[PDB]
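Residue numbers (UniProt numbering), protein chains in the order written: chain A, 4 to 718; chain B, 289 to 718; chain C, 576 to 718.
This is the structure:
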């Protein structure tokens, strides 16, 4: 018979955010923001018994709207969680249920996932008055425990890879899933297959640099939950765009456990990548939490302080404003939420040494109540911060809310996923005829999109594929989505795919169809790596990866998603193509430009820096410029580029001739003045000796669906 | 950070106005030719623009990481929260300041107002922010002036003013107690004048506030009359004992320990001369005030019962027979709810040092001596009956030799307390 | 079950400075306080006189007043704790003890029994039967 008073403790300062092993004082400083709770309890578990608390501590100290208490003796690896006391008024938004044990939103390591059970919900599940009850079941047995971590780490040879790393000018992105990257890589030992350590192994570092990409984009690594309706169908969250914490790397990708080993194996991973000169960007979800809407679980934020953290219908405060399509939306108007997002953004930069972030549904971070405000408080603080000012910032420039398409409205420093490029480049090769404006504007870095806010071609992240939608193989292998394996009877996944199946649907034996897709794949790869701006490859597309027509494989944790690494000759031959095409875009500054092309001659030169042609060697007039086309031809003159490097030197390259013929039928093109030599084609054919060099405004037949590049050797 | 020397329009064009006038400055939205003036100095910096916000926190960070500054006292701090016309303390600039890694660690002090309409914002600044307690300034000056304010008004001031700062979850140290500042009189001039004398400013004595809650002791200006000098020296020491015995963190005005005088100028912004220079040549009257302020500072710093992190409740605690603070009246009987709201010129309170809810950073309780403080601003004498203990004299505002009826008091004794006298006592036996 | 007891008892001695003292207790009141820092009692609530102080006993009862400790930490602050009541009854037989002035709450016992609701809090110099061979600690909640 004691009181919580007879246990040695110290006040505590909200210095950090959650766990903080203070070596000098031998103990831990705990912290958890809550302006609306009435009582807060620290729960400590032992690694043996993890169902009932080894000790129950009541945080009696509060400084403003923050509770804290320093527990002596504690040490890294210690397991802990919280119970939050307060009023229960769901009709008013107060959903406090201290029966529910919650995870520290500042935990840098979370132990498990959730054993799904009707007791982790805060409301009696079966009750007719759903969400309005108060289910008094203890949920402690079912919620993963938070880990006190040791933040120390020796970053060997990485202290110097800071600075002029890989400029956005010469960046080539390679978006990967951590597990699918290496799960069927029996190249490496098991148990590292499909984890952080697997990605950073010597075999993969070599493959990534043999291929030639500069930076890798890792799909969500913020510790996430498999939502119940997937588990109740035998599924898991493969993508991870459903996170529960913003500081802990996901446990399932750890090769050394989840008791702190995941932050170590993560730090070791990018340390290894850095040593090879490979930047690292992480896909980050700050727009929604896995807790879902009402009727969703009460796992942390809902229990801690629900009014905050979450955007609620202002007249009701019971239901949740949903701009992500996933039940809730993080209320990024509250100062403590804004501090959390930036504190975690700083944590991953200075502690996990990541180089950039590509924000999922980034527009949802700008919504204030029903409005999109790209000059809101959160964005401004991000623009001013000394540390975050130096990392790369990339946005998915939209959310699924009303008025959420926000392409070209993100501030300076920001780059954007250029969905307009993706859709209309896909439609151009489909056979469709867009205006000559549409294709030419995408090809030159989208000046019509991004110049209005004074941003450069870097802002445009050009891509033909993504985790969203088809793979490159599947874009030329299906006309309709085939997401039956998801278990929602194909009511999921977007329907307009701008896709063509080359004739058939699915895998085929009719070689002409097969040969048509290899031509289409090569047309997609040639276009993207010759168009101004930053190109992003989807991981595995160089291997012709296939998801069997699943354009929404977020639930598939299996062979549909894995990288398949053993190649026949068709796959192997295409891999070498993407290799040599990647090598091209990086050897020639005429496409890694910091400035746009305009339509004049410069520096007292007789040649225009860029010229647009039609089928016969004639400059594009004003009305043929807005008339549709299936054929685009333009000349890039490298020696009249207004391109200046950081030393004040101008930059010169070749004069290039890009001929992109999306016409299904043949055409004969009369070249412009000069002698031209052929640099690659989408031809899988033995390339004609007549097509190898062109001279003196002669003409030449160009087979349908074919892309070509020419380099003037003489004038 | 609220205004710049470029003034309004008709002002010079030396920097911001030339670089980008519509970004840096708050302009009247319908004309945009004139300047919104919430500072009374021509313009107001437009803290709603992202790069202006970036500038201030860049400068705030610059002085911390590069000049190794430890804190800031914001001039006209409310004018920084002006969005268009209204003050809202949930603006972008305050939020970004609150979240910033380095600026979250140094002390932030506010002049909790601007000269705009609705600009009085005392107690509404975010936590971590401390505020100049102007309510403490005015009511303490009026108390010793002679005015009789409610027992509940000055007793609140003395215990850190919880009525102000408790509603927003702040602490007693967040309240910055002070009796004089660079605005208005100095302490010497506060007990030596009743009206402004800014004639030397050249603005026809129209500048600087008119109500200073001042009193002369029996003159206006320098004097030879030996009662006027003493009423002051007693009044100077009366203020000094009050400031360094009240809960919160006290701000001394520079030179007041030297009994500095500005010749009755309560607004010496324009005087870079002998008016505002510190006078280091000390006579006997000045030297003994210096030792008084020295020993009074030495006192406040030695006793944690005045450097408190949590407010006094009105309760016994930890199962003890005394309650952490008790209020009496002329007779040793406790203050009631109707005595607590009646006006008074004499306030009595006993700080029980050994029953404080005060805990250091290591989890240890603190406790102090038990103290009883007599503040009688009544010009006439009053007799006070002590509480039950045996009390010892530690310091008082008496200039005369302290005779031994007063040095130690025993067993609910009564004692003559001359008018306008402040006394501190320490219980040695109960 | 005993291991958990020693754990929680160790946690007690370390949470309360009234036993990790750098100075001894002497038998007076300090700092102008009405309470003695330590007082020694007999079976009925009475201070130990000089000749009962040297007469043998199987029962020791004493009050530790934490708020009148002459305990100074390395920073020059005095230290305060609770007022504790330690009742150590080595008598093999039972005894009834009349507590001193105040309201007392029970902090542990050597009882392996479900501890009596009558023994949980004591008030107003009331008395209570204490089984033979039993040690108790009480913390004054109100005076």
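For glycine and all other residues, C-beta sits at the position ideal for the given N, C-alpha and C.
**Report entry** Identified DSSP bridge partners for residue 505 of chain A
**Finding:** For the purposes of this step, residue 505 of chain A is taken as the residue at position 502 of the first chain. For residue 505 of chain A, which the question treats as bridged, DSSP gives the partners A:507.
**Report entry** Closest by C-alpha distance to residue 536 of chain B, when choosing among B:657, B:687, B:424 and B:685
**Finding:** Sequence index remark: in the second chain, residue 536 of chain B carries index 248 (1-based). Ranking the options by Cα distance to residue 536 of chain B, first place goes to B:424.
Query - Buried or exposed by the 16-neighbour rule on C-beta atoms within 10 Å, applied to residue 375 of chain B - result: The sequence position of residue 375 of chain B within the second chain is 87, counting from 1. Per the 10 Å Cβ criterion, buried.
Query raised in the report: Given a limit of 7 Å on CB to CB distance, which residues of the segment 637-659 of chain C reach chain B?
Result: When C-beta distances to chain B are compared with 7 Å, the residues of the segment 637-659 of chain C below that value are 642, 643, 648, 652, 653, 654, 655, 656, 657 and 658, in chain order.
Query raised in the report: Which of the three DSSP states, helix, strand or coil, is assigned to residue 584 of chain C?
Result: As a working note, residue 584 of chain C is residue 9 in the third chain. Secondary structure at residue 584 of chain C: helix, using DSSP grouped into helix, strand and coil.
Query - Own chain partners of residue 19 of chain A with C-beta closer than 8 Å, once the 5 adjacent residues on each side are dropped - result: As a first step, residue 19 of chain A must be located in the first chain, where it is residue number 16. So the qualifying residues of the chain are 32, 34 and 109.
Requested in this report: Give me whichever residues DSSP pairs with residue 541 of chain A in a beta bridge.
Outcome: Within the first chain, numbered from 1, the residue matching residue 541 of chain A stands at position 538. Beta-bridge pairing links residue 541 of chain A to A:178.
Query - First through last residue of the alpha helix (DSSP H) which encompasses residue 669 of chain C - result: Within the third chain, numbered from 1, the residue matching residue 669 of chain C stands at position 94. From DSSP, residue 669 of chain C is part of no alpha helix (DSSP H); its letter is neither H nor E.
Query raised in the report: How long is the line joining the alpha carbons of residue 661 of chain C and residue 622 of chain C, rounded to whole angstroms?
Result: On the third chain, residue 661 of chain C is found 86 positions in, with the first residue counted as 1. On the third chain, residue 622 of chain C is found 47 positions in, with the first residue counted as 1. Computed Cα separation, rounded: 14 Å.
Query - Secondary structure of residue 574 of chain B, DSSP reduced to three states - result: In the second chain, counting from the first residue as 1, residue 574 of chain B sits at position 286. DSSP, reduced to helix, strand and coil, places residue 574 of chain B within a helical segment of the structure shown.
Query - the segment 330-343 of chain A: positions lying closer than 8 Å to chain B by Cβ - result: 338, 341 and 342
**Report entry** Three-way DSSP call (helix, strand, coil) for residue 71 of chain A in this model
**Finding:** On the first chain, position 68 is the one that residue 71 of chain A refers to. Residue 71 of chain A: strand per DSSP, three-state reduction.
Requested in this report: Quick one: grab the DSSP three-state call for residue 338 of chain A.
Outcome: Here residue 338 of chain A corresponds to residue number 335 of the first chain, with the count starting at 1. Assignment of residue 338 of chain A by DSSP, reduced to helix, strand and coil, places it in the helix class.
Query raised in the report: From residue 639 of chain C to residue 6 of chain A, what does the alpha carbon distance come to, in whole angstroms?
Result: Numbered from 1 along the third chain, position 64 holds the residue referred to as residue 639 of chain C. Numbered from 1 along the first chain, position 3 holds the residue referred to as residue 6 of chain A. Between residue 639 of chain C and residue 6 of chain A, the C-alpha separation is close to 18 Å.
Query raised in the report: In the segment 383-403 of chain A, which residues sit with their C-beta less than 9 Å from some C-beta in chain B, listed in chain order?
Result: From the segment 383-403 of chain A, only 383, 384, 386, 387, 388, 389 and 390 have a Cβ closer than 9 Å to chain B.
Query - Pick from B:624, B:620, B:650 and B:369 that is closest to residue 698 of chain B, judged by C-alpha positions - result: Residue numbering aside, residue 698 of chain B sits at position 410 when the second chain is read from its first letter. Closest option to residue 698 of chain B, Cα to Cα, is B:620.
Query - Entirely enclosed beta strand (DSSP E) segments - the segment 609-685 of chain B, minimum 3 residues - result: 613-616, 634-639, 659-664, 670-673 and 678-684
Report task. In angstroms with no decimal places, state the Cα-to-Cα distance between residue 721 of chain B and residue 379 of chain B. Result -> Past the edges of chain B, shown from 289 to 718, lies residue 721 of chain B, and the structure says nothing about it.
Report task. Have a look at residue 316 of chain A and residue 439 of chain A and give me their C-alpha separation to the nearest angstrom. Result -> Position 313 of the first chain, counted from the first residue, corresponds to residue 316 of chain A. Position 436 of the first chain, counted from the first residue, corresponds to residue 439 of chain A. Straight-line Cα distance between these residues: approximately 46 Å.
Query - residue 27 of chain A versus residue 78 of chain A: straight-line alpha-carbon distance, rounded - result: Numbered from 1 along the first chain, position 24 holds the residue referred to as residue 27 of chain A. Numbered from 1 along the first chain, position 75 holds the residue referred to as residue 78 of chain A. A direct Cα-to-Cα measurement between residue 27 of chain A and residue 78 of chain A gives close to 12 Å.
**Report entry** Spatial neighbours of residue 204 of chain A in its chain, beta-carbon cut-off 6 Å, leaving aside the 5 residues before and after
**Finding:** To locate residue 204 of chain A, count along the first chain from 1; it is residue 201. Closer than 6 Å at the Cβ level, and outside the excluded window around residue 204 of chain A, lie 191.
Query raised in the report: Would you say residue 717 of chain C reaches chain B, if we count a Cβ-Cβ gap shorter than 8 Å as a contact?
Result: Residue numbering aside, residue 717 of chain C sits at position 142 when the third chain is read from its first letter. Yes, residue 717 of chain C lies at the interface with chain B (some Cβ there is under 8 Å from its Cβ).
Report task. For residue 608 of chain C, decide whether its Cβ has a neighbour in chain B, counting only Cβ atoms nearer than 8 Å. Result -> As a first step, residue 608 of chain C must be located in the third chain, where it is residue number 33. So, interface residue.
Report task. Indicate whether at least one CB of chain A lies closer than 8 Å to the CB of residue 690 of chain C. Result -> Numbered from its first residue, the third chain carries residue 690 of chain C at position 115. Closer than 8 Å: yes.
Query - Strand pairing of residue 286 of chain A, partner residues [DSSP] - result: Within the first chain, numbered from 1, the residue matching residue 286 of chain A stands at position 283. In DSSP, residue 286 of chain A forms a bridge with A:361.
Requested in this report: Using the DSSP secondary-structure output, state which residues sit across from residue 465 of chain B in a beta bridge.
Outcome: For this step, residue 465 of chain B is matched to residue 177 along the second chain. Per DSSP, B:538.
Requested in this report: Whole angstroms is fine: what's the gap from residue 668 of chain C's alpha carbon to residue 712 of chain C's?
Outcome: Sequence index remark: in the third chain, residue 668 of chain C carries index 93 (1-based). Sequence index remark: in the third chain, residue 712 of chain C carries index 137 (1-based). So the two alpha carbons sit approximately 19 Å from each other.
Query - residue 425 of chain A - DSSP class collapsed to helix/strand/coil - result: As a working note, residue 425 of chain A is residue 422 in the first chain. Residue 425 of chain A falls in the helix class under three-state DSSP.
Query raised in the report: What in chain A is Cβ-close to residue 589 of chain C, meaning under 7 Å?
Result: Mapped onto the third chain, residue 589 of chain C falls at position 14. Neighbours of residue 589 of chain C in chain A, taken as residues at a C-beta separation under 7 Å, are given in chain order as 11.
Query - When A:84, A:320 and A:141 are compared against residue 95 of chain A, the one with the closest alpha-carbon - result: Within the first chain, numbered from 1, the residue matching residue 95 of chain A stands at position 92. For residue 95 of chain A, the nearest C-alpha among the options comes from A:320.
Query raised in the report: If you compare alpha carbons, which of A:583, A:485 and A:384 is closest to residue 556 of chain A?
Result: Taking the first residue of the first chain as 1, we reach residue 556 of chain A at position 553. Closest by alpha carbon: A:485.
**Report entry** In chain order, each alpha helix (DSSP H) run of at least 4 residues that lies wholly inside the segment 291-321 of chain A
**Finding:** 304-308
Query raised in the report: Near residue 517 of chain B, what residues of its chain come up, given a Cβ to Cβ distance below 7 Å and the 5 sequence neighbours on each side ignored?
Result: Stepping through the second chain from its first residue, residue 517 of chain B is reached at position 229. If we look at residue 517 of chain B and ignore the five residues flanking it on each side, its Cβ neighbours are 511.
Query raised in the report: Roughly how many whole angstroms lie between the Cα atoms of residue 160 of chain A and residue 271 of chain A?
Result: Position 157 of the first chain, counted from the start, is the residue given in the question as residue 160 of chain A. Position 268 of the first chain, counted from the start, is the residue given in the question as residue 271 of chain A. The alpha-carbon atoms of residue 160 of chain A and residue 271 of chain A are separated by roughly 12 Å.
Query raised in the report: If you run the structure through DSSP and keep just helix, strand and coil, what is residue 62 of chain A?
Result: As a working mapping, residue 62 of chain A is identified with position 59 in the first chain. Three-state DSSP puts residue 62 of chain A in coil, outside helix and strand.
Query - Endpoints, alpha helix (DSSP H) assigned at residue 270 of chain A - result: Along the first chain, read from residue 1 onward, the residue named residue 270 of chain A stands at position 267. From DSSP, the alpha helix (DSSP H) with residue 270 of chain A extends over 264-277.
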